[PDB]
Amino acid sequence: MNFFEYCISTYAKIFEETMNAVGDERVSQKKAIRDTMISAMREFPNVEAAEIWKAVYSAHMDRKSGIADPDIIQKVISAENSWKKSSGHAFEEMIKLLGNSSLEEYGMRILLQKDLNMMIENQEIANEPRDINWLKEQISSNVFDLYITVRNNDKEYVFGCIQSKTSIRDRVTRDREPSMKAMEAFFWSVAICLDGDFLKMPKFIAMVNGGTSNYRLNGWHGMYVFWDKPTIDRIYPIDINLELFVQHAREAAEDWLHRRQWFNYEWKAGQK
C-alpha cells in the first residue's frame, strides 16, 4: 500500500466507524482527518506531511462529492475561482454601460472605482479637497464598486457612491456600515442588486429601510433590485433600463449640488 492508498482507505474507515458510533458527521469527519494524518505520518515517515494532507483532502472530497478524479476537482475549482473574481467586475461594467447610455443626456456618468482613481490622479475631479481625500480612502479600502458624477459649470463632481452586488445574499451586513459612512459624508449612497431573495427575510428589508430596534436608521438612500416587486419604501424595482435609478440620480445630483447639507441619511428621492 502506498501512502495515498493508505490515506484513502483509512479516512473512509475511521469516518464510517466514528459516524456509526457517535452519529455526528462533522465530528466524525474531523476525527477521520486528524487521525488519518497522524496514522499516515507514522506509517509513512519519509513522505512529506503536505503530500499526506493532500491525500486526506482527496479522500474527504471523494466522500462528500462522489468524485475521486483529482483532475475534475481541480478544473471545477479553477473555473469557480475564475467566476468569483471576474463576474462581479463584469456586472459592474454592465451597470456602468447600461446606466451611462441613459445618464448622458442629463450630464451624469458612472465611473468604475479604477476610473475614479485615474481621474483623481489626473486632477479631473472638481470636488473640494476634503471630498477628494475621503474618496481616496474609499478607493483604498475597495468600499464602493461604482461612483457617479454630475457636470456643473464645466466641472465634474462625484456626488454618489454605489455598491453593485450579484448576490444580495450576505454581503449586506458588512456593506451597510460603509454606506452609512458615505451618507454621513453627504454623498448619495445606493446599492444595485441582482437577486432580491434575501429580502424575503424581514431582517433585510429592515437593514435597508431602518425603523426597527436592530436597525434604527436606513442603511442606504435607495436599493435598486432587479425584480418586479413594487417599491417598499427605499427598495425600488429596476430592470435592464435602470429607470428609477436614473430618475433618482437626477434628483440626487440636483440636491447634492444645491442643498448638500440636507443630504444625510434622511434624504429620500421623490419627496419634494
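Each residue number is its position in the shown sequence, starting from 1.
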**OP:** On mean C-alpha B-factor from the PDB entry, just flag whether 178 to 186 or 134 to 142 is the higher one.
**Re:** 134 to 142
**OP:** Mind pulling up the entry and telling me whether 167 to 175 or 93 to 101 has the higher mean Cα temperature factor?
**Re:** 167 to 175
Original post:
Highest Cα B-factor in the deposition, which of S28, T231, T36, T212?
Top reply: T212
**OP:** Go through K200, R109, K84, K75 one by one and give the residue whose Cα B-factor in the PDB entry is largest.
**Re:** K200
Original post:
Sorting the chain's CA B-factors, does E124 end up in the lowest, middle or highest third?
Top reply: highest
Subject >> Among modelled residues of the same chain, the CA temperature factor third for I238 >> reply: lowest
Original post:
How does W227 rank on Cα B-factor within its chain, lowest, middle or highest third?
Top reply: middle
Original post:
Once the chain's modelled residues are ordered by C-alpha B factor and cut into thirds, is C7 in the lowest, middle or highest one?
Top reply: middle
Original post:
By its CA B factor, does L217 count among the lowest, middle or highest third of the modelled residues in the chain?
Top reply: highest
